[PDB]
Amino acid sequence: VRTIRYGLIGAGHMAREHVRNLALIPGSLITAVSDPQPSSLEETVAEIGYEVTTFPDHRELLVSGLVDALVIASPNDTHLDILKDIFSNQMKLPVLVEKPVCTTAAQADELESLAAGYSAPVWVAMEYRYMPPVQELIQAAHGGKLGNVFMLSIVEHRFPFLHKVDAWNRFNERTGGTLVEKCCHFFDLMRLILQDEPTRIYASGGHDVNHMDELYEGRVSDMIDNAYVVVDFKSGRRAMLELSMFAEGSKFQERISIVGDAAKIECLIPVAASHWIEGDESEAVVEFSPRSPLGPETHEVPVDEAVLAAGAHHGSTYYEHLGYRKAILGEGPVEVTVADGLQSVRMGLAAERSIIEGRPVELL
């Protein structure tokens, strides 16, 4: 072993996944949980399965001395404030902070300065990359099987935003926008696969279908439910994101395609069985499509049954935690830094502005 005491700031749905995944990793002990909602604590405690000290407020937790490391899985607009507390705390602990790291540019601007002066690891929890199918595509791109890389397409086709606590995931004011909230993953993936930095974004999107029967003090959701985004990079590579939140019918929730000048590669990621028909479970597919001699190659990508049953992310949360652990113990780097978190968000924020004011947006 070699034990790490973990504290959870925020004890909702994703917290419980972090729990189930920490359960598979020896050396991992949860010792403190913070949540302003007792019903959330009761359920999260039940899931953990052992005795832990609870707090309604994270400040009491920070100075409790029960924890070697933190996990933040509270609503998006809370994230910066909690971090500012962690940064100004005497103790100075590692943090895994759920995405989005930020929800506005004011925050991004502020966070950027503070994080520079902090001495403990900060990892932004964008796990998508450790999905085994996506891992293949990343190594295939990086290692040269595609030749020189130019195009990258991501298509997400999925169900409407789920029902959460105090319905915080309904308004842009609280989420950063659909493209920040659900899409910072894909904007980071772009940077990772293309090995490049964005120069420009343009998007078209609407709120066309969803959440039209929900009032919250008389108001309907102001958020996007579909969009097309186009990103240009400093070397002239280009990428595109397509989103529909009313395409749950799709066997495959994500489709990721990368074209280079020697070959093309695509992956098809199924819907989580927890969201699909029971029995009609599908396995993920990767297709390698070379130009040079015509002859595409398809193959299923399997994971571990336990790791996959640990969450709704095809085992990725597990690996994410293996990474975080290593970094705490100085046996690996932070793979997903604040910087990364901030680019992913500024990318979404830019995209949101573009839909609003019918112009592209420059990135710095």
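Start at 1 and count along the sequence shown; that's the residue number.
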Item to check | Comparing 78-86 with 106-114, the one whose average Cα B-factor in the PDB entry is higher | outcome: 106-114
Checklist entry - When the C-alpha temperature factors are averaged for each of 327-335 and 299-307, which stretch ends up with the higher value in the entry? => result 299-307
Checklist entry - If you check the C-alpha B-factor for each of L189, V229, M212, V122 in the entry, which is highest? => result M212
Next on the checklist: Please place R237 in the lowest, middle or highest third of its chain according to the CA B-factor in the PDB entry.
Outcome noted: middle
Next on the checklist: Sorting by Cα B-factor within the chain, modelled residues only, which third would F55 end up in: lowest, middle or highest?
Outcome noted: highest
Next on the checklist: By the recorded C-alpha temperature factor, relative to the other modelled residues in its chain, which third is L66 in?
Outcome noted: middle
Item to check | CA B-factor ranking of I356, expressed as a third of its chain | outcome: highest
Checklist entry - For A23, does the deposited CA B-factor place it in the lowest, middle or highest third of the chain? => result highest
